[PDB]
């Protein structure tokens, strides 16, 4: 009855998956904790099982990772880069099948599953070059015969907790960077994407083994809130990268701060698109559609708020309805499907409640609003008009495809309305106005980590630092100098002179 036991899904075995899998890796595979079964959200059929980590598994693994660090930190960064390069190659080799597993277990369409694996491949190739660049300036000291240098060194063990919706790429961003920076990693992924976590870890383990390196450099401990909390409280976890809900991230940030650890928090978003009167509507409508319904509206960067100037509000909404109608719904492995299921049945309940609250708070559902009558967690992509910008439900992050549409008149108020929410991840304006664009990028503009112009809220590449402000948590991943969060700065003064300090009256020697 497991999908992995059906010949139709034999390709799963190309990732080294079996009926029952070990969810702990530290150089050896094991798992003494609870056995979890994960399910395909397109049909709710069981795929396979994973043995999760017990506390003893976690203890053993942290210790092994920290012993492996002693070897790893001694390897020159460029040589660490070479390992990361080989990891990218090993992912390249498995990209289609790993992409298919992401579609199967998580629920996003295949091109996005493959695309997410390509994202990890790309950050590896990036990190290879960065591994030859990381460090700090030699500075001119004000003291004669002294050197002043800024050094960067690994923090040690980087704990990585990731969410269901990007079960490969977020880990990848943290892993490739943390690795070239001389850290070891311990991964705890979302329980409902356990097979994906195991499959990626099998790919990396083989590269470490072929290079005769301890596997615990990239440790895995599958588990849920129990293991996540242990990492948050563990002094041996020097940096904890956490991607997930704002509510959980807040508690993780507190626990880390309590022990003077470091945390990197990538939390929820309430991302807005603003369309000004002068905007190219041929650009706005498709941009809005794909940002809003992409991944069934389950991206951290999903467009959840659409502000449209009064003069064009009715036309844009009309064109958006006409476009939603053409969204192709199906299984996420079905070719040319644009739109798959929500990740859990719970997310469907959150969807419905949201649509109910919207209707009751005075909103009108101009499209969607219903559960589709079919197997799996499918809901109609939804557009809601008529709500006030400060409506309770619109300030809430609901991880479903519901787009709240508002009218505005002036630039200052709608910039304010962008900024008024608790989250601070991504934002976008559509306009041709040179002046407005630079105000939006300036000190009185968007308050978000991602501030886009004529591209929707999901526009982001690995070259820049990725992350948000406010309740989004403040962490950055991937590009620019995000690498610094994974290392510790020292300011080092070196007296190379035979000079003595002033005696100040005192008779020395």
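Positions refer to the first chain, counted from 1. Heads up, when I say rigid core I mean the largest set of C-alphas that superpose within 1.5 Å between the two forms.
Once the structures in 5 other deposited structures of this protein are superposed via the core, the pair 143-151 and 114-122 is resolved in favour of 143-151 as the more displaced stretch (C-alpha RMS).
Of the two segments 304-312 and 405-413, the one whose CA positions lie farther from the displayed form in 5 other deposited structures of this protein, once all are superposed on the rigid core, is 405-413. Notably, residue 474 is an intermittent gap: at least a third of the other compared entries of this protein, restricted to those modelling both its neighbours, have no coordinates for it. Per the compared records, residue 461 is unresolved in at least a third of the other entries whose models span it. The PDB entry records a higher mean C-alpha B factor for 29-37 than for its counterpart among 62-70 and 29-37.
Taking the PDB entry as given, 267-275 carries the higher mean Cα B factor of the two stretches 267-275 and 130-138. For the set 362, 81, 191, 113, the PDB entry puts the maximum C-alpha B factor at 362. When the C-alpha B factors of 176, 384, 205, 227 are read from the deposited coordinates, the top value falls at 384. In this PDB entry, residue 171 carries a Cα temperature factor that places it within the lowest third of its chain's modelled residues. Among the modelled residues of its chain, residue 446 has a C-alpha B-factor that falls in the lowest third, as given in the PDB entry. Residue-level temperature factors show residue 464 in the lowest third of its chain, judged at the C-alpha atom.
For residue 304, the recorded CA temperature factor ranks within the middle third of the chain's modelled residues. Residue 52: CA B factor in the middle third of modelled residues in this chain (values from the PDB entry).
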